[PDB]
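Protein chains: 2
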Amino acid sequence: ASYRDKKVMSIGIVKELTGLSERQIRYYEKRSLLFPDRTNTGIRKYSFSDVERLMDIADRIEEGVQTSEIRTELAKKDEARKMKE
Amino acid sequence: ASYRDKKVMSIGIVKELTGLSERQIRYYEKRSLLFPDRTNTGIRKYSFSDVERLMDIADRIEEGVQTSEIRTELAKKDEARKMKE
DNA sequence: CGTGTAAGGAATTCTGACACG
DNA sequence: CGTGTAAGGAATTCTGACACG
Numbered sequence: 006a007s008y009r010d011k012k013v014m015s016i017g018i019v020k021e022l023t024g025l026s027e028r029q030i031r032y033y034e035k036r037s038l039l040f041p042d043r044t045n046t047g048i049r050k051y052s053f054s055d056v057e058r059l060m061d062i063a064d065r066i067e068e069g070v071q072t073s074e075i076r077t078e079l080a081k082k083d084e085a086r087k088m089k090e
Numbered sequence: 006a007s008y009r010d011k012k013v014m015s016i017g018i019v020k021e022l023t024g025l026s027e028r029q030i031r032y033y034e035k036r037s038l039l040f041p042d043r044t045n046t047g048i049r050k051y052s053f054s055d056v057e058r059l060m061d062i063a064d065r066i067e068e069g070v071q072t073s074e075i076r077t078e079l080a081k082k083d084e085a086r087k088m089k090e
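Written out as structure tokens, the structure reads:
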């Protein structure tokens, strides 16, 4: 849970965990699909929940959904999550 | 659980999480107190369980226990863990 | 014993560009 | 649209040494 949301992995490990390239991972963030934190030196840090978020994103893109559509879906899920709490 | 044991953090994040220097973290490993994995390029990777292991180590060292004594205690705990499973 | 620092080398990540389309 | 690559710069980690004790 806390382990799941703590931003502690750099992009290289995420790449290995998701099978996504750095290009893809940074692009999804650029498309406001996820929000990694940044060390004070500019290095992006991801949590396990981010990794899972990235895999769901990749799956949707596989089924032919544009990032914009994915952003809408993600927004609903995020809102929904705030409800179950 | 799986999140807890997956080796995914590099030493910089561990330092920030434990408050230990790189010197201390690498030394404890050298004293066979923990076993981080290594990327194929030589970079040590730690899991959340490692981070907690490191904090317990630091606490024992605080109470004046030598690394050798800590290694014995850790060995028992590891053996005990294999029992509760 | 345990931990601090200086020192160069290797590896990682960063951004913006060029490319295809 | 989404993703690949080349390109230099900044930041990270690595090991072994010197230091105190």
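Protein chains in written order, with the deposited numbering: chain B, 6 to 90; chain B', 6 to 90. A prime marks a further copy of an entry chain.
The beta-carbon is built from N, C-alpha and C at its ideal position, and this holds for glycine as well.
Item	Value
Using beta-carbon positions only, say whether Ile18 (chain B') and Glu27 (chain B') come within less than 7 Å of one another.	no
Closest Cβ-Cβ distance between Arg9 (chain B') and chain B: below 7 Å?	yes
How about the segment 52-63 of chain B and the segment 37-44 of chain B: do they share at least three Cβ pairs that are nearer than 8 Å?	yes
If I measure Cβ to Cβ from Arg36 (chain B) and keep anything under 6 Å in the same chain, skipping five residues before and after, which residues do I get?	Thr72
Per DSSP, what are the beta-bridge partners of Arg49 (chain B) in this structure?	B:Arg43
Buried or exposed: where does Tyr32 (chain B) fall if 16 or more other Cβ atoms within 10 Å of its Cβ makes it buried?	exposed
Please confirm whether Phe40 (chain B) has its beta-carbon closer than 7 Å to some beta-carbon of chain B'.	no
Could you tell me whether any Cβ in chain B is nearer than 7 Å to the Cβ of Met60 (chain B')?	no
Can a CB atom of chain B' be found closer than 7 Å to the CB of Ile75 (chain B)?	no
From the DSSP secondary-structure annotation, give me the bridge partner or partners of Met14 (chain B').	B':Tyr51
Using a Cβ cut-off of 8 Å, pull out every chain B' residue sitting near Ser37 (chain B), in sequence order please.	Ordered by position in chain B', no residue passes the 8 Å Cβ test against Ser37 (chain B), which lies about 25 Å from the chain.
Quick one: using the 10 Å Cβ neighbour count with 16 as the cut-off for buried, is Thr23 (chain B') buried or exposed?	buried
Starting from the Cα of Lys11 (chain B), find the closest Cα among B':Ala80, B':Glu34, B':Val56 and give me that residue.	B':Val56
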